[PDB]
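Data first, discussion second: the structure below is written as structure tokens.
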Amino acid sequence: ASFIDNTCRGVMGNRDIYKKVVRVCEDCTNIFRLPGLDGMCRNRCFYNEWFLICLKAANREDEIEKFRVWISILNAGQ
């Protein structure tokens, strides 16, 4: 289970899921305007469903499927 943090491995190759992810947290962070949220969103290498939480604040809650497999890519070496 998720018990690490920013424990990525592909965040070096991705260079896309990150910029987007981290950016996805910002958006949501605004919805609630909570400082203790952005992190979670892109905390444990973005592996904690914390993505759906923010993705929801954007009604999107759809790009999670593709955003999910992505978070898994960063776990390549990991």
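In the structure tokens, each chain is lettered A, B, ... as it comes, each chain's residues begin at 1, and ligands are numbered from 1 in order of appearance.
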
- Could you name the residues that touch residue 55 of chain A at 10 Å or less, counting only C-alpha atoms, but leaving out those on the same chain fewer than 3 positions away, as an MDAnalysis selection string? chainID A and resid 21 24:25 27:28 41 49:52 58:64 67

- Task: Please identify all polymer residues within 9 Å of residue 46 of chain A, counting only C-alpha atoms, omitting same-chain residues fewer than 2 positions from it, and present them as a list in words.
- Result: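 Answer for this query is residues 5, 6, 7, 8, 18, 21, 22, 39, 40, 41, 42, 43, 44, 48, 49, 50, 51 and 71 of chain A.
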
Prev. selection, C-alpha atoms, output as a short mmCIF file (atom, residue, chain, number, x, y, z; two decimals), in the first residue's frame:
```
data_model
loop_
_atom_site.label_atom_id
_atom_site.label_comp_id
_atom_site.auth_asym_id
_atom_site.auth_seq_id
_atom_site.Cartn_x
_atom_site.Cartn_y
_atom_site.Cartn_z
CA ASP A 5 6.05 9.91 -0.91
CA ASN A 6 7.12 11.38 -4.24
CA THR A 7 8.57 7.90 -4.72
CA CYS A 8 8.67 8.16 -8.51
CA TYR A 18 4.27 15.43 -13.78
CA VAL A 21 -0.32 16.17 -12.51
CA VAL A 22 1.25 18.85 -10.31
CA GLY A 39 0.72 17.84 -1.97
CA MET A 40 -1.48 14.78 -1.52
CA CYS A 41 -2.59 15.10 -5.14
CA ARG A 42 1.03 14.92 -6.30
CA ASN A 43 2.49 13.44 -3.12
CA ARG A 44 3.33 9.73 -3.25
CA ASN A 48 -2.91 7.61 -3.69
CA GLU A 49 -6.11 8.22 -5.64
CA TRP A 50 -5.49 11.79 -4.49
CA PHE A 51 -5.75 12.36 -8.24
CA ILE A 71 1.22 7.11 -12.49
#
```

- Item | Which of chain A DSSP labels helix (DSSP H, G or I), written as a ChimeraX atom specification | /A:17-33,35-41,50-56,64-73

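With distances taken over only C-alpha atoms, A:45 is the one residue among A:31, A:37, A:4, A:45 lying closest to residue 76 of chain A.
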
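If you look at atom CA of residue 74 of chain A and atom CA of residue 35 of chain A, they are 24.9 Å away from each other.
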
- Message: I'd like to know which of A:3, A:54, A:69, A:78 is closest to residue 26 of chain A, using only C-alpha atoms.
- Response: A:54

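Computed from the coordinates, the atom CA of residue 70 of chain A to atom CA of residue 14 of chain A distance equals 8.4 Å.
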
- Query: Separation of atom CA of residue 65 of chain A and atom CA of residue 29 of chain A, in Å?
  - Reply: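 We find that atom CA of residue 65 of chain A and atom CA of residue 29 of chain A lie 20.7 Å from each other.
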